[PDB]
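Student: What follows is a structure written as structure tokens; I'll ask about it next.
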Ligand SMILES: *[C@@H]1O[C@H](CO)[C@@H](O[C@@H]2O[C@H](CO)[C@@H](O[C@@H]3O[C@H](CO)[C@@H](O)[C@H](O)[C@@H]3O)[C@H](O)[C@H]2NC(C)=O)[C@H](O)[C@H]1NC(C)=O
Ligand SMILES: *[C@@H]1O[C@H](CO)[C@@H](O[C@@H]2O[C@H](CO)[C@@H](O[C@@H]3O[C@H](CO)[C@@H](O)[C@H](O)[C@@H]3O)[C@H](O)[C@H]2NC(C)=O)[C@H](O)[C@H]1NC(C)=O
Ligand SMILES: *[C@@H]1O[C@H](CO)[C@@H](O[C@@H]2O[C@H](CO)[C@@H](O[C@@H]3O[C@H](CO)[C@@H](O)[C@H](O)[C@@H]3O)[C@H](O)[C@H]2NC(C)=O)[C@H](O)[C@H]1NC(C)=O
Ligand SMILES: *[C@@H]1O[C@H](CO[C@@H]2O[C@@H](C)[C@@H](O)[C@@H](O)[C@@H]2O)[C@@H](O[C@@H]2O[C@H](CO)[C@@H](O)[C@H](O)[C@H]2NC(C)=O)[C@H](O)[C@H]1NC(C)=O
Ligand SMILES: *[C@@H]1O[C@H](CO[C@@H]2O[C@@H](C)[C@@H](O)[C@@H](O)[C@@H]2O)[C@@H](O[C@@H]2O[C@H](CO)[C@@H](O)[C@H](O)[C@H]2NC(C)=O)[C@H](O)[C@H]1NC(C)=O
Ligand SMILES: *[C@@H]1O[C@H](CO)[C@@H](O[C@@H]2O[C@H](CO)[C@@H](O)[C@H](O)[C@H]2NC(C)=O)[C@H](O)[C@H]1NC(C)=O
Ligand SMILES: *[C@@H]1O[C@H](CO)[C@@H](O[C@@H]2O[C@H](CO)[C@@H](O)[C@H](O)[C@H]2NC(C)=O)[C@H](O)[C@H]1NC(C)=O
Ligand SMILES: *[C@@H]1O[C@H](CO)[C@@H](O[C@@H]2O[C@H](CO)[C@@H](O)[C@H](O)[C@H]2NC(C)=O)[C@H](O)[C@H]1NC(C)=O
Ligand SMILES: *[C@@H]1O[C@H](CO)[C@@H](O)[C@H](O)[C@H]1NC(C)=O
Ligand SMILES: *[C@@H]1O[C@H](CO)[C@@H](O)[C@H](O)[C@H]1NC(C)=O
Ligand SMILES: *[C@@H]1O[C@H](CO)[C@@H](O)[C@H](O)[C@H]1NC(C)=O
Ligand SMILES: *[C@@H]1O[C@H](CO)[C@@H](O)[C@H](O)[C@H]1NC(C)=O
Ligand SMILES: *[C@@H]1O[C@H](CO)[C@@H](O)[C@H](O)[C@H]1NC(C)=O
Ligand SMILES: *[C@@H]1O[C@H](CO)[C@@H](O)[C@H](O)[C@H]1NC(C)=O
Ligand SMILES: *[C@@H]1O[C@H](CO)[C@@H](O)[C@H](O)[C@H]1NC(C)=O
């Protein structure tokens, strides 16, 4: 079946007042809402020379004429990986007392 | 099943066994290094947070019943003027029912278990897809006579061959640039998520949040407790 | 190009390399003298196949040409004669006369040289032996270095590992963070005290340098005939220029509205006016004197700002942003900026100079 | 002074900030040079010069040949634009955080734990200029030691009046009242306490005569009438 | 509290002086005040007895 997704009714939040009729929420119940947040990516290092030239000595000479493209690939990949590594290694602080 | 399956290249240069996919792509210069933190350290971090919301002091002698921590967090948002026992078991009963219901769900919409499962599945699938796309580009002969550089040099004269191999050097180097561009996009998405995750734990897990709706949608947030997950965290607000 | 360190630098065409992990090629046979290997199906009958095992050889295997090492392997595949991966890459072939299968591997394997302190302190590799002291058998790879000790001060962190400046490798230990006291109603509690204040630093980028690219002159190089063919591509050039311009304008308006400066706060931002009684703000504040340069009073950057600008900026100062007024002269040989301007690339000045940026910083302080 | 010397480890330290600054000043030049070197390549055409192609070849075949350059250079130009858009998107999120950082940490003191300079109680923060951005120095208070005390849930006087603290972030320990964030002991005052309908077992049991010892500011209305 | 129903008897420390009354305020006298606020101490009454 197909259907328009109905507009789910939200949880009413009382606007603060000064006087008059008001409603105070009461008899609460705790519901758990889950949220997945990604922390890191698996680092990948690509050897540009052997990927393109397939280890051919004569093809590497032609690749040298492309200057810094075959270098910027590797530089960008490893730099991104290093930033991820330092960020999540500093982020994860562990206390043995809490463990 | 487990993160320890992450393959090793020690046996990859051995050459006494037919190469599997990992070795077949390592022969093309692609090396997939291990993730920054394994599931054990990630689970330790999750357990550290869960155990720290009940650490009432410097030493372990200040361990608290979890009801006391919940009671303090309730007083944080509204001073409990009638603290009856029944008033506390109602919340405990609701939490026990709700936590089991997530457990059954693991075995619909945003901020629910089903949405989290789809995100986790995409996370574990995305990295493999990009690498396979990179490795499959080698078979394409980018308007050359063949996809093998040595084959081209055997068939043609060095002057003409240099033109043909330059077609696939351009083709492969362009395919390599596409892989990097979509990897940087992934790294920027994760950086935004990791900054939020550190923001989330500091304001929802290690303390109670006064920002309405920040920790898991609408309602008054009492506490949040974290669990490990493939390449990230799972917050239960 | 003699030293492997020099080999790495020349591959990166740079005299100085920043610390990091650099891809590297396994040292192959210095004396090549590669034997020729040839394997093909029998014809007519007659078999002319011949091959050399365990030696880097120039091979032709059933039409697959390359260079690699042929090694007898213990598999017993029953179908076919030669085997490839899903990507059509030759992995193994079969000695059809006896049925044994030989795997084909590259003669050289990719490696990662750990370059810190202007030296190759270690090599991440798949091979167990190299030209170092010792090899540590990490779970995924071998690590060769001249220091097998434990790494406790990782100068360069990468994936799950960290390497010190002495070449030692180790795991990054789980740092013990600052403890936070969970609130409670009763029982023993601990109130923190003896507070000491520590500064943590964070750098946040605000803008990029706008770049305007005249796609017509970049692509057609001013050739009028080529512009006619470029017009057949419709809006490709149009959208390139539009994207660049819109990005620059959004960033420009955002950071001009962001950087609000108050005059009175500036008056209190000088070393003479500020009084951090007990708090040494000399390194944080910048001096300001009447400048003979057009009379306008100039406020020099603070000591930390000078340290952060001079030692990092490759041109020394932000005022080195070149001007294109002298580019159209043509009476001198073009430098890098003029050469790229002749190709239709114009690097306009950043939205705010260091002076207004430093003025904003002093205003907040 | 240590920050100043360090400019002459890990995240949220001077070393990480310096590495980020160097990448910022290097990234822009790298992209432009990679763009301008694409003109050197001839994308499977006779030459990288359009005029040379037109001079060497006939008009019909020359148009095909220059289509290699037009497509090749235009694709190389699209890659540069895509790379700048990524940096513009990254910087846009960076300056939005910086605008939140200055508004909530520099121009005011932030309640959000860990927002201004990692863990610790953020007291203030100051800003310095940096290449194409701001260097934030967040000063956070770190406690050297901890005072171990016994937190009291509240008072129950004459087994009739339950009397508890009003401020959630305040503790009544052994009697003193102090902030739960820093050890600033203080004598309890009747304004710090509020009456509660129902007492509990965890409250300290007290009598009306013993209460003024706990709260010296308490006024015993009726005892002061029978005098 | 406006976030939870936690009824509580008013305390003298919960209230604070205001320069001018307004029409929306509840109209009271010093005899009714201790009933509304049990914690209130009538200085004149407690001194005149
Ligand atoms: C809330 O506000 C309303 C108006 O703003 C106050 O008026 C009360 O409104 C209810 C709802 O109509 C009245 O109840 C019913 O009134 C109708 C009128 O004909 C009649 O069928 C019954 O008398 C029934 O009770 C209520 O009488 C009315 N009260 C007054 C004093 O006007 C209301 O007092 C406020 N508070 C509450 C708790 O509702
Ligand atoms: C594929 O497998 C076949 C069969 O194993 C290989 O042929 C074998 O080659 C060896 C040496 O070339 C033969 O050894 C023989 O030894 C005797 C006694 O010393 C000598 O008189 C012969 O002249 C020969 O050297 C062996 O008999 C032969 N096996 C056969 C023919 O069944 C072959 O080398 C393998 N590789 C290919 C075809 O590339
Ligand atoms: C934190 O709570 C624990 C219990 O939850 C308290 O530990 C108890 O402290 C008392 C008095 O210090 C101990 O009584 C006596 O201890 C001394 C040695 O210190 C010795 O003469 C006897 O063993 C006697 O029992 C009691 O044993 C101890 N209970 C334990 C450790 O399980 C502690 O006092 C609280 N913290 C503070 C600062 O009071
Ligand atoms: C503080 O008083 C409470 C109130 O209990 C009553 O008063 C006591 C003085 C005693 O006479 C109790 O029997 C009275 O019921 C005390 O709470 C009692 O604690 C004991 C401990 O074993 C328990 O058996 C009773 O059931 C409790 N009474 C209740 C819950 O109504 C409490 O122990 C006194 N002391 C402290 C430090 O709180
Ligand atoms: C509460 O008092 C205000 C203040 O008015 C004075 O006090 C009254 C008790 C009465 O004695 C008035 O005559 C006094 O002037 C009352 O406000 C009055 O409201 C009426 C109704 O509209 C109006 O006609 C008067 O002018 C107002 N007097 C003012 C503004 O001084 C109010 O009605 C009293 N009751 C309530 C429920 O607010
Ligand atoms: C392994 O190689 C290292 C690197 O040289 C050696 O360690 C030092 O080497 C220098 C000269 O190469 C000597 O002067 C030092 O005495 C060496 N030891 C130090 C600095 O502690 C080492 O000798 C080599 N052999 C091993 C480790 O067995
Ligand atoms: C270097 O680090 C490794 C990884 O922890 C150490 O390996 C183990 O360390 C523990 C430390 O408690 C020892 O109990 C184990 O016996 C060690 N096992 C092995 C196989 O070494 C290692 O000891 C550290 N030191 C050195 C010199 O390698
Ligand atoms: C505050 O910082 C200033 C930095 O300018 C300190 O002054 C310098 O201190 C060094 C000590 O290593 C001397 O060598 C310099 O000659 C001083 N003057 C300069 C650099 O201009 C000062 O000591 C610090 N403390 C204060 C002012 O109390
Ligand atoms: C919760 O409180 C409301 C209003 O006070 C009441 O109507 C309801 O029955 C209560 N829920 C229970 C007792 O489960
Ligand atoms: C799951 O939730 C429903 C309604 O929210 C509840 O009735 C049910 O008891 C829960 N499941 C369990 C096992 O408690
Ligand atoms: C031969 O092959 C088997 C797998 O079939 C392998 O386990 C063994 O190590 C190999 N080498 C031998 C038996 O020397
Ligand atoms: C740290 O706090 C403790 C409180 O237990 C105190 O005894 C000590 O003197 C303090 N350290 C100082 C003031 O250097
Ligand atoms: C070149 O040198 C001559 C010296 O006589 C001088 O007059 C002229 O201005 C110079 N031109 C440039 C472009 O430097
Ligand atoms: C406390 O004051 C009330 C109010 O007047 C009075 O009824 C009571 O007797 C007093 N308490 C004692 C112990 O006299
Ligand atoms: C209450 O007492 C004060 C001071 O004793 C006096 O100024 C005031 O007039 C008195 N009020 C009444 C209504 O008696």
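Student: Within 30 Å of residue C:40 (Cβ to Cβ) and either within 16 Å of ligand 5 (Cβ to nearest atom) or more than 23 Å from the chain's Cα centre (by Cα) (or both), is that true of residue C:128?
Tutor: The answer is no for residue C:128.
Residues checked against (1) within 16 Å of ligand 4 (Cβ to nearest atom); (2) part of a strand (DSSP E or B); (3) within 14 Å of chain A (Cβ to nearest Cβ):
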{"position": "C:115", "(1), (2), (3)": "no, yes, yes"}
{"position": "C:135", "(1), (2), (3)": "no, yes, no"}
{"position": "C:148", "(1), (2), (3)": "no, no, no"}
{"position": "C:167", "(1), (2), (3)": "no, no, no"}
{"position": "C:174", "(1), (2), (3)": "no, no, yes"}
{"position": "C:180", "(1), (2), (3)": "no, no, yes"}
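Student: A further question follows. For segment B:198-210, which residues satisfy the criterion of being assigned to a loop (DSSP other than H, G, I, E, B) and at the interface with chain D (Cβ under 8 Å from one of its Cβ atoms)?
Tutor: Within segment B:198-210, B:206, B:207, B:210 qualify.
Student: Let me ask something else. Could you please find all residues in segment C:34-72 being under 17 Å from residue C:98 (Cβ atoms), surrounded by fewer than 16 Cβ atoms within 10 Å (Cβ to Cβ) and either within 11 Å of another protein chain (Cβ to nearest Cβ) or within 16 Å of ligand 7 (Cβ to nearest atom) (or both)?
Tutor: The answer is C:53, C:72.
Student: So, one more: Residue under question is residue D:92, and the condition is that it be within 8 Å of another protein chain (Cβ to nearest Cβ), touching a helix residue (DSSP H, G or I) at 6+ places or on another chain (Cβ under 6 Å), on the phi < 0 side of the Ramachandran plot and assigned to a helix (DSSP H, G or I); does it hold?
Tutor: no
Student: Within segment D:141-159, which residues are within 12 Å of another protein chain (Cβ to nearest Cβ) and either within 16 Å of ligand 9 (Cβ to nearest atom) or surrounded by fewer than 21 Cβ atoms within 10 Å (Cβ to Cβ) (or both)?
Tutor: So the first thing to find is which residues in segment D:141-159 are within 12 Å of another protein chain (Cβ to nearest Cβ), and the list is D:141-154.
The answer is D:141, D:142, D:144, D:145, D:146, D:147, D:148, D:149, D:150, D:154.
Student: I've got another one for you. Note down all Cβ pairs under 6 Å where the first residue falls in segment C:324-337 and is within 14 Å of chain D (Cβ to nearest Cβ), the second is away from ligand 5 (no atom under 16 Å from the Cβ), and they're at least six residues apart or on different chains.
Tutor: Short answer, once both residue conditions are applied: C:337/C:322.
Student: If you don't mind, another one. Answer yes or no: is there a residue in segment D:118-140 that is part of a helix (DSSP H, G or I) and either within 16 Å of ligand 2 (Cβ to nearest atom) or surrounded by fewer than 16 Cβ atoms within 10 Å (Cβ to Cβ) (or both). Steps first, answer last, please.
Tutor: Start the filter on segment D:118-140 by keeping residues that are part of a helix (DSSP H, G or I), which leaves none.
Within segment D:118-140, not a single residue is part of a helix (DSSP H, G or I) and either within 16 Å of ligand 2 (Cβ to nearest atom) or surrounded by fewer than 16 Cβ atoms within 10 Å (Cβ to Cβ) (or both).
Student: Which residue is farthest from the other protein chains (Cβ to nearest Cβ), if the candidates are limited to segment C:117-133 and must be surrounded by 15 or more Cβ atoms within 10 Å (Cβ to Cβ) and in a loop (DSSP other than H, G, I, E, B)?
Tutor: C:132
Student: Checking residue C:93 against (1) more than 8 Å from chain B (Cβ to nearest Cβ); (2) part of a loop (DSSP other than H, G, I, E, B), which single condition isn't satisfied?
Tutor: (2)
Student: In this structure, does residue C:305 turn out to be more than 16 Å from ligand 9 (Cβ to nearest atom), in a loop (DSSP other than H, G, I, E, B) and surrounded by 10 or more Cβ atoms within 10 Å (Cβ to Cβ)?
Tutor: no
Student: Any chance you could count how many residues in segment D:209-225 are more than 16 Å from ligand 4 (Cβ to nearest atom) and not in a loop (DSSP other than H, G, I, E, B)?
Tutor: Of the residues in segment D:209-225, 2 are more than 16 Å from ligand 4 (Cβ to nearest atom) and not in a loop (DSSP other than H, G, I, E, B).
Student: If residue D:25 meets every condition in (1) more than 11 Å from chain A (Cβ to nearest Cβ); (2) surrounded by 15 or more Cβ atoms within 10 Å (Cβ to Cβ); (3) closer than 24 Å to residue A:89 by Cβ; (4) out of contact with any helix residue (DSSP H, G or I) (no Cβ under 8 Å at 6 or more places or on another chain) apart from one, which number is that one?
Tutor: The number of the failed condition is (3).
Student: Give segment B:55-66 a look and list any residue that's at the interface with chain C (Cβ under 7 Å from one of its Cβ atoms) and surrounded by fewer than 18 Cβ atoms within 10 Å (Cβ to Cβ), or say none.
Tutor: B:61
Student: Sticking with this structure for a sec: Are there any helices (runs of 4 or more DSSP H) wholly within segment D:1-75 with 1 or more residues that are closer than 30 Å to residue C:198 by Cβ and away from ligand 10 (no atom under 16 Å from the Cβ), and if so which? First the steps, then the outcome.
Tutor: Working: elements: D:2-6, D:14-37, D:50-56.
Helices (runs of 4 or more DSSP H) meeting the threshold: D:2-6, D:14-37.
Student: Right, something else. Which number in (1) buried (at least 18 other Cβ atoms within 10 Å of the Cβ); (2) farther than 20 Å from residue B:7 by Cα marks the one condition that residue B:29 misses?
Tutor: (2)
Student: Residue by residue through segment C:329-356, note down the ones that are surrounded by fewer than 13 Cβ atoms within 10 Å (Cβ to Cβ) and either within 14 Å of ligand 13 (Cβ to nearest atom) or farther than 24 Å from residue C:247 by Cβ (or both).
Tutor: Correct list: C:329, C:330, C:331, C:332, C:333, C:335.
Student: Looking at the structure I just gave you, is residue E:11 more than 16 Å from ligand 15 (Cβ to nearest atom) and in contact with a strand residue (DSSP E or B) (Cβ under 8 Å, 6 or more places away or on another chain)?
Tutor: Yes: the conditions hold for residue E:11.
Student: Could you list, in sequence order, all residues of segment D:151-194 that are in a strand (DSSP E or B), within 16 Å of ligand 4 (Cβ to nearest atom) and within 20 Å of residue D:207 (Cβ to Cβ)?
Tutor: If the condition is that a residue be in a strand (DSSP E or B), within 16 Å of ligand 4 (Cβ to nearest atom) and within 20 Å of residue D:207 (Cβ to Cβ), then D:152, D:155, D:156, D:157, D:161, D:162, D:163, D:164, D:172 are the ones that fit.
Taken together, the values in this text are just the output of simple stated rules run on the coordinates, not laboratory data. Cβ coordinates were reconstructed from backbone atoms using ideal geometry, including for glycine residues, and neighbour counts include every protein chain displayed.
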